[PDB]
4 protein chains.
Amino acid sequence: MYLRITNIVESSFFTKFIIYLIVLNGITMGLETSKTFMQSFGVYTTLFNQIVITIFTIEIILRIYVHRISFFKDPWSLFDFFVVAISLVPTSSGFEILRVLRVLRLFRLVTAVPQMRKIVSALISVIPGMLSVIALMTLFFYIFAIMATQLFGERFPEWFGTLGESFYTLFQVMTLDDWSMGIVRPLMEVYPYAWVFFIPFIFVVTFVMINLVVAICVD
Amino acid sequence: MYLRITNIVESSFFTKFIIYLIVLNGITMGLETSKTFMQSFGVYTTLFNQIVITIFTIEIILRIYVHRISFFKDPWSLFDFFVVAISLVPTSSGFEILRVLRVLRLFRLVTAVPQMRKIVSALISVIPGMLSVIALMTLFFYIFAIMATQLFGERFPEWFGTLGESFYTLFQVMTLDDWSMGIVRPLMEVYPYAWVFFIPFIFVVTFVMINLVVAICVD
Amino acid sequence: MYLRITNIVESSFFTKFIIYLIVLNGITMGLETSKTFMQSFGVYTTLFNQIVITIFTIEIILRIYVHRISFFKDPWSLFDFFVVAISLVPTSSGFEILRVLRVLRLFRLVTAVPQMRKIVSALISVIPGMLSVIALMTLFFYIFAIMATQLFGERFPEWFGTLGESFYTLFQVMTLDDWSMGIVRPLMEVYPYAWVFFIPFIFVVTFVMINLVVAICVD
Amino acid sequence: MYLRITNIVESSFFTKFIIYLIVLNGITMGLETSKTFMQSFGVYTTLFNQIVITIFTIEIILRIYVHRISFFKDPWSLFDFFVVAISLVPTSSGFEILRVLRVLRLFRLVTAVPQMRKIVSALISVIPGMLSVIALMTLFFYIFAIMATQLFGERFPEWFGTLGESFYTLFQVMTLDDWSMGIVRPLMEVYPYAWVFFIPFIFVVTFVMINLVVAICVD
Ligand SMILES: [Ca+2]
Ligand SMILES: [Ca+2]
Ligand SMILES: [Ca+2]
């Protein structure tokens, strides 16, 4: 019966039946957004939901017999497994991010369809080339975030009071987001020289960031 | 009479005459902005306007006898037809955006003058090569837009209350617009972890965007 | 006496002397900024200034005999003429921008010192290859600025009330500066569909500017 | 005794022991951030700090016998000498930035681990080819900053009141930060033409920066 199912799983039909459900379950999840819609056809789509979820574990069980070890060394398969696994954790208990994390299954449209896989893969592949830089910056952020916490967090604890807060504010400054009118002019009414911290910070981070784009434009 | 008019239409004088009317009517529309100018010479202008509109349909009628099907297979001609058609719906009735949409005829200056055509075409041609990425993005946006509506729409209905609002807000975050003081710091007064939703969102979206710029800086 | 002065003007000493005055007059202009400095050495500097102004016209007078027509066809020289000219309009009558426009003479450091001429020229030379785009864009802005003045200027006259205002506001959206919370969300409290105007505007304007950067990174 | 210590210093063990102290002290500094942690283990971590500070001077003393003059011509070594020296200045007297500047030693993780060294050097190397643009710009900034102080600093002293203030505000405009609703629209309530100063300023400054990115993507 093994080859019987290896023929079912690998069937163009099967993969297209899968892609058909993703597009349906996605259309259905956007409808679950409507407080109106749920009052009318809520029970329709709760069931439609549990239905698709079963079908998906059935596939994943089926997909594993056909592939075994090869399957748990496939990124896309591992993914598909974990994204359905999330979707199996009861509609209750623990955290309710798990209910919300269920919509991650629409990323299966990326998995199940090539060209997407190509594109995602194309993208992901650029990351290893960025890791020396990314490491550098994260060291850098860590260093300034400490500096900022101990220089400004007493008077400005919303923004710098804690190591994590400083990470966040520094991230915001880095996105050049509302940084002057929002953070540093305020800081300067108390610490006139705060500009000496944030201007060099900005330079380094924007400089570095430009290089990283130029590096991604030579690989 | 066909070759008589094919010799009229294809004439340098004709095209240049058309280009003459565009720049005049365009000048004319900027004057139609002034509440002052309109009290003085408003009548002068609406008639010159209707005049121009006639002249333009005559041309397009003529242009078609001289090209027949070849015409409705020309992007630039199709454009011109559709823009004048917009300008044909009476100043009355339905939606009044139609009166406003008239000013789209000044895009005929792009259409009637080469080099522009060159540049537009040059630009537009880059688009097909982005569609794999644009699909990827739209899926991403759809998925996060759904999560956000269900994670934040109850306490923050202005920004996330509805799927469309979430799309808009997410777009705003993506343009890195006033995203921290404006949205996430608020969000966090209620949902301390909202940073776990928006920073990864910001990274992915900015990463994808960098790749897409480099993809262009190659093809 | 021509060759006597053609030997004075073309001299290394002459040029390095000019450069020495520029850096000094520049230093002297940053000091004229301080109300403190001006209350104690204000006279020292106003005269130093009137001095340097003569020295510069003398040079330009000298420089002209030595080059004649060749001069009024050199970009860099023409510049220095007009810049010193600005500095000759008496400190009074007319407008006071002319007094402020005097500090433009510090651009002579670019004009009179090689390398800067190199870099400026390197930069400027890129401009011709952007002109098809710059035109394209201005048509676009002109068209949308007209649309916006008639779509939003009655309720929002600060921002869209006049053709030029729409130009300014549109510029701001294009720099993606404070565009959503500052302008479109407010606009949407009255015109729910305003998002239909500004999102496409943003896309086009952003797309085009990316291409333009890429164009420069080819030519 | 030289070859004995030259064999201690040059050892894989020594270097990796150094790398071990950095990641330990760095971890320990993140803990010194917590007001909680300090109330429990502050003594522990103050002493651990002085320990590491000794060990680092010992090394720098050692590293110098083994290299002599070769050492004070090594950038990376020069760095470490200075960085430890900052950490030597008592935890009292002078300023308190000297206490804060101590966290700079964690940059030794860049200095004491290649690839980092590689990456930093890769970056720094890009600088010399920017200095022609960078010089140009600071002239540009200096010129406009002076203009702005005399055009806007009387009615608007917080933003343009002083040359230094104009530099800061001009920087903010350059990052295009909240430049319009924050600065130029206000300015225009008093000086309608202030847009004539800031729009060109914006163009020039962004153009130059676009060129500089393209330059770095050539060399
Ligand atoms: Ca901003
Ligand atoms: Ca803002
Ligand atoms: Ca505000």
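Residues numbered from 1 in each chain as written, not as in the entry; some residues may be left out. Chains lettered and ligands numbered in written order. Heavy atoms only, no water.

For chain A, the PDB entry supplies the name Ion transport protein and the organism Arcobacter butzleri. The UniProt entry for chain A carries the following comment under Subcellular location (unreviewed entry): "Membrane". (UniProt positions renumbered as here; feature names shortened; annotations may be inferred.)

## Digging into the coordination of the calcium ion (ligand 2)
Surrounding the calcium ion (ligand 2) are the protein donor atoms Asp178(A) (OD), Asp178(B) (OD), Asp178(C) (OD) and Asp178(D) (OD), which sit 2.3 to 2.6 Å from the metal. In this structure the calcium ion (ligand 1) is found 4.7 Å away from the calcium ion (ligand 2). Of the two residues, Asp178(B) sits in the loop between α10 (163-174) and α11 (180-190) while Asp178(C) sits in the loop between α10 (163-174) and α11 (179-190), which places them in two different chains. Owing to a relative accessible area of 13%, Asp178(B) belongs among the buried residues under this scheme. (Donors = N, O, S within 2.8 Å, 3.2 Å for Na, K, Ca; no water. Helix = DSSP H or I, 4+ residues; strand = E, 2+ residues; numbered from the N terminus. Buried < 20%, exposed > 50% of the residue type's maximum accessible area, 1.4 Å probe, protein only.)

## Looking at the packing of helix α8 (residues 131-152) of chain C against α10(C)
Residue and element names in this part refer to chain C. The interhelical angle for the contact between α8 and α10, taken along N-to-C directions, is 115 degrees, at an axis separation of 8 Å. In this structure, α8 meets α10 at a crossing whose hand is right-handed. Between α8 and α10, the residues in contact are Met-137, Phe-141, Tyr-142, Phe-144, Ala-145, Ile-146, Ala-148 and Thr-149 and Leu-163, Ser-166, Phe-167, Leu-170, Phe-171 and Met-174, respectively. (Axes fitted to C-alpha atoms, helices over the stretch in contact; angles between N-to-C directions. Left-handed = near helix turned anticlockwise from the far one by under 90°. Contact = heavy atoms within 4.5 Å.)

## Quick word on the interface of chain C and chain D
With 34 residues of chain C at the interface, the matching set in chain D holds 35 residues. A combined buried area of about 2,900 Å² lies between chain C and chain D, and 76% of that area is made up of carbon and sulfur atoms. A per-residue breakdown of the area chain C buries against chain D is headed by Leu123(C), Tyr168(C) and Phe171(C), which together make up 21% of the total. Counting across the interface, chain C meets chain D through 0 salt bridges. Seen at the junction of chain C and chain D, the total is 10 residue pairs in polar contact. Of all the secondary-structure elements, those providing two or more residues to the side of chain C that touches chain D are α2 (12-31), α5 (97-101), α6 (108-112), α7 (116-125), α9 (157-160), α10, α11 and α12 (194-216) of chain C. Within the side of chain C that touches chain D, the residues separate by chemical class into 23 nonpolar, 7 polar and 4 charged. (Buried area = accessible area lost by both parts, 1.4 Å probe. Salt bridge = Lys/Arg side-chain N within 4 Å of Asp/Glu carboxyl O. Polar contact = N/O pair within 3.5 Å; in protein donor to acceptor, adjacent residues only side chain to side chain. Nonpolar A, V, L, I, M, F, W, Y, C, P; charged D, E, K, R; others polar.)

## Quick word on the arrangement of the chains
Take the 4 pairs of chains in contact: the one carrying the most contacts is chains C and D. Nothing in chain A touches chain C, and the closest approach of their C-alpha atoms is 9 Å. One finds no contact linking chain B with chain D; the least C-alpha distance across the pair is 9 Å.

## A closer look at helix α4 (residues 75-86) of chain C
Residue and element names in this part refer to chain C. Over its 12 residues, α4 extends 17 Å from the first C-alpha to the last, a length consistent with the 16 Å expected when each residue adds 1.5 Å. Within α4, the full set of buried residues consists of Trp-76, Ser-77, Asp-80, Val-83 and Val-84. On an axial view of α4, the arc spanned by its buried residues comes to 130 degrees, and they lie on one face. Summarising the geometry of α4, the exposed residues directed more than 90 degrees from the buried face are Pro-75 and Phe-82. Where α4 is buried, its residues contact α3 (35-67), α6 and α7. (Expected span 1.5 Å × (residues − 1). Arc of directions from axis to C-beta.)

## Re the interface of chain D and chain A
With 33 residues of chain D at the interface, the matching set in chain A holds 34 residues. Where chain D abuts chain A, roughly 2,900 Å² becomes buried across the two surfaces, and 77% of that area is made up of carbon and sulfur atoms. Along the contact surface separating chain D from chain A lie 0 salt bridges. Inspection of the chain D/chain A interface yields 10 residue pairs in polar contact. Put simply, the parts of the chain that give the side of chain D that touches chain A at least two residues each are α2 (12-31), α5 (97-101), α6 (108-111), α7 (116-124), α9 (157-160), α10 (163-174) and α12 (194-216) of chain D.

## A few points about the environment of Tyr142(D)
Within the secondary structure layout, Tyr142(D) lies in helix α8 (residues 131-152). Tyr142(D) has contacts with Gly26(C), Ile27(C), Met29(C), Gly30(C), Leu106(C), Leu163(D) and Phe167(D), leaving out every residue within four places of it along the chain. Looking at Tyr142(D), its side chain comes within polar contact range of the main-chain oxygen of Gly26(C), at 3.0 Å. A distance of 3.3 Å separates a polar atom in the side chain of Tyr142(D) from the backbone nitrogen of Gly30(C).

## As for helix α2 (residues 12-31) of chain A
When the terminal C-alpha atoms of α2(A) are compared, their 29 Å separation across 20 residues agrees well with the 28 Å that a helix rising 1.5 Å per residue should span. If you check which residues of α2(A) are buried, you get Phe14(A), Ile18(A), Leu21(A), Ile22(A), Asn25(A), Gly26(A), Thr28(A), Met29(A) and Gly30(A). Among the structural elements, α1 (2-9), α3 (35-67) and α6 (108-112) of chain A together with α8 (131-152) of chain B are those in contact with the buried residues of α2(A).

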